[PDB]
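What follows is a set of notes on a single structure, which appears directly below.
Basis: the model, the stated rules and, where named, an outside source; none is laboratory data. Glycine gets a Cβ as well: all are built from the backbone with ideal geometry, and neighbour counts include every protein chain shown.
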Amino acid sequence: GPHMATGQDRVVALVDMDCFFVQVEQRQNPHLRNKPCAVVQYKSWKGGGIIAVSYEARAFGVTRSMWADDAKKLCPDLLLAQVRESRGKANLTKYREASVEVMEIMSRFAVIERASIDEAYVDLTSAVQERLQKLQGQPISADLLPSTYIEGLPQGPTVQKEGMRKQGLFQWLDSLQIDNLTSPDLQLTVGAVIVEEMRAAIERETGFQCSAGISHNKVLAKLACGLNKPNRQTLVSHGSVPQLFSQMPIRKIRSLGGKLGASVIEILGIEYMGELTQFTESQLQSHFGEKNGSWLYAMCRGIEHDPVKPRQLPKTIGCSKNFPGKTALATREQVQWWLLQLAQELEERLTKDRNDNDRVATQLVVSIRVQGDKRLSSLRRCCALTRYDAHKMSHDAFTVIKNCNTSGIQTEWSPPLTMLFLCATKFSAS
DNA sequence: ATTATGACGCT
DNA sequence: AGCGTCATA
Ligand SMILES: [Ca+2]
Ligand SMILES: [Mg+2]
Ligand SMILES: [Mg+2]
């Protein structure tokens, strides 16, 4: 009772750009704004692979991973923007730079952990205390929360969505105890006020819209964020957890979307996150290991302790290309030419990295896939990375993988390579 | 013939 | 170290 920690110690947000690559392209080309549109890479094979989709286009059933030709069957007027190509491969620089724009804005408000090219966790705990002292027991106006949903509300005794949103928000605010600087619900609420401000600043200064989740930890924040998209934010309180989890498929929780989540369902014979509460910590540990077992026991109760790491910059810089089906590399000349193209992009990105961020990578990781293997990577090998020179890097990469060539002939390569990957890692200050 | 990434766990 | 898992545009 009095000694059970409830995982209400922090306020954590997760900010996620809406259809991010699409917005980057729409900002640049106003003709694409407010239309069904998608971003595609390459174009010759089935019109190109779709990697991002506007909300207008999703309404027609267009999705990521769909071939553009097939998307056009669902959405004939679908508009397309193509990822830039350089050195014969997709080049994602425009999106990486747009991401930096957003991350630098977020960093003005609080410490952020860059979770992906378009999302960051924010630890608001400190910022909330501060704001709480400026407010001095002042109630929080619904006006300060114009895009916020309160998960689980309204309840009890509204035909249209904005009306529901507001009814829910009013119930929440009318119940709030602002007299108490340590109420976790109040802290979450102040968190949401800050996130409205952050989101306003991002949109003002970049033109990009985003959604966000505000809760007591990263898993709940991430889940919350997806509840109302696009261009909205969702507060998931500790109290909302039991109802929310009672019908929440296990696979929806971050880290449970793959094989572990599949085994939780299979081994325990359950479907929903809430059903986990009926097992002891020991039981969960026996099936899923000490760490996972402990994590699951706490998580199904809405509790998680993973910190927002103070890290705004990626830890690795990598360049990758697939060579699918008939394009698999089958000669030594080919392999060396593409290792060079990858190495040239990598050098360019590394040099800029060193200038902007005062660090140097020290390890080069080389990875390939061979025709047949259904794994992302067939083989990984690292070497020293002593100079930012593409010719040297490609030469070193060739050296570490060349023994993979089955071909008895020097000039031929077998089995053919269907993927090449160069990654710079292990940065040190400079 | 989704592709191009990126973080982190296990042994 | 090299491999696997899980994630996102
Ligand atoms: Ca997004
Ligand atoms: Mg995202
Ligand atoms: Mg997405």
Note to self: Would you confirm, using the coordinates I've provided, whether A:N217 is in the same structural domain as A:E162 (by CATH), within 16 Å of ligand 3 (Cβ to nearest atom) and either buried (at least 22 other Cβ atoms within 10 Å of the Cβ) or at negative phi (or both)?
What the structure shows: no
Next item on the list: Inspect the stretch A:272-287 for any residue being farther than 12 Å from A:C300 by Cα, more than 16 Å from ligand 3 (Cβ to nearest atom), surrounded by 14 or more Cβ atoms within 10 Å (Cβ to Cβ) and of a type in the set (A, V, I, L, M) and give the result as yes or no.
Entry: no
Note to self: For the structure I just gave you, tell me whether A:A201 is out of contact with any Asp or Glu (no Cβ under 9 Å at 6 or more places or on another chain) and under 22 Å from A:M103 (Cβ atoms).
What the structure shows: yes
Next item on the list: Look at the stretch A:5-55 and say how many of its residues are out of contact with any strand residue (DSSP E or B) (no Cβ under 9 Å at 6 or more places or on another chain) and within 16 Å of ligand 1 (Cβ to nearest atom).
Entry: 2
Checklist line | Qualifying position, being closer than 26 Å to A:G239 by Cα and in contact with a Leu (Cβ under 9 Å, 6 or more places away or on another chain), among A:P139, A:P146, A:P157 | finding: A:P139
Next item on the list: State yes or no: is A:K72 within 16 Å of DNA strand C (Cβ to nearest atom) and over 20 Å from A:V11 (Cβ atoms)?
Entry: no
Item checked: Pair list, Cβ under 6 Å, 6 or more apart: the stretch A:112-137 residue acidic (D, E), other residue assigned to a loop (DSSP other than H, G, I, E, B) and within 16 Å of DNA strand B (Cβ to nearest atom) -> A:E113/A:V308; A:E113/A:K309; A:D123/A:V111; A:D123/A:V308
Check: Say we look at the stretch A:110-148 and pick out the residues that are among the acidic types (D, E) and more than 16 Å from ligand 2 (Cβ to nearest atom); which of these is surrounded by the most Cβ atoms within 10 Å (Cβ to Cβ)?
Finding: A:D123
Notebook entry, point to check: Counting only residues that are within 21 Å of A:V190 (Cα to Cα) and in contact with a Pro (Cβ under 9 Å, 6 or more places away or on another chain), which one in the stretch A:98-120 is nearest to DNA strand B (Cβ to nearest atom)?
Noted result: A:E113
Notebook entry, point to check: Which residue, of A:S394, A:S367, A:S377, is under 19 Å from A:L342 (Cβ atoms) and in contact with a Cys (Cβ under 8 Å, 6 or more places away or on another chain)?
Noted result: A:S367
Notebook entry, point to check: Is it the case that the stretch A:249-271 has a residue that's within 16 Å of ligand 1 (Cβ to nearest atom), of a type in the set (A, V, I, L, M, F, W, C) and under 24 Å from the mean Cα position of the chain (by Cα)?
Noted result: no
Item checked: Among residues of the stretch A:167-185, those that are out of contact with any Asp or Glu (no Cβ under 9 Å at 6 or more places or on another chain), assigned to a helix (DSSP H, G or I) and either acidic (D, E) or closer than 30 Å to A:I112 by Cβ (or both), counted -> 4
Next item on the list: Would you be able to tell me the number of residues in the stretch A:223-242 that are in contact with a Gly (Cβ under 6 Å, 6 or more places away or on another chain) and under 29 Å from A:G269 (Cβ atoms)?
Entry: 4
Notebook entry, point to check: How many residues does the stretch A:290-342 contain that are small (G, A, S) and over 26 Å from the mean Cα position of the chain (by Cα)?
Noted result: 3
Checklist line | Given (1) acidic (D, E); (2) away from ligand 3 (no atom under 16 Å from the Cβ); (3) touching a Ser or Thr at 6+ places or on another chain (Cβ under 7 Å), number of the condition A:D118 does not satisfy | finding: (2)
Next item on the list: Hey, can you tell me all the residues within the stretch A:12-41 that are in a loop (DSSP other than H, G, I, E, B) and either touching an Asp or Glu at 6+ places or on another chain (Cβ under 8 Å) or within 16 Å of ligand 3 (Cβ to nearest atom) (or both)?
Entry: A:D18, A:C19, A:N34, A:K35, A:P36
Check: Identify, please: which residue in the stretch A:307-324 is farther than 28 Å from A:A390 by Cβ and loosely packed, with under 15 Cβ neighbours inside 10 Å and is, among those, nearest to ligand 1 (Cβ to nearest atom)?
Finding: A:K309
Item checked: Residue check for A:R58: in contact with a strand residue (DSSP E or B) (Cβ under 8 Å, 6 or more places away or on another chain), outside the structural domain of A:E203 (by CATH) and not hydrophobic (A, V, I, L, M, F, W, C) -> no
Check: Taking the condition more than 16 Å from ligand 3 (Cβ to nearest atom), of a type in the set (V, I, T) and over 21 Å from the mean Cα position of the chain (by Cα), does A:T6 pass?
Finding: yes
Check: In the stretch A:55-74, what residues are hydroxyl-bearing (S, T, Y) and not in a helix (DSSP H, G or I)?
Finding: A:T63, A:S65
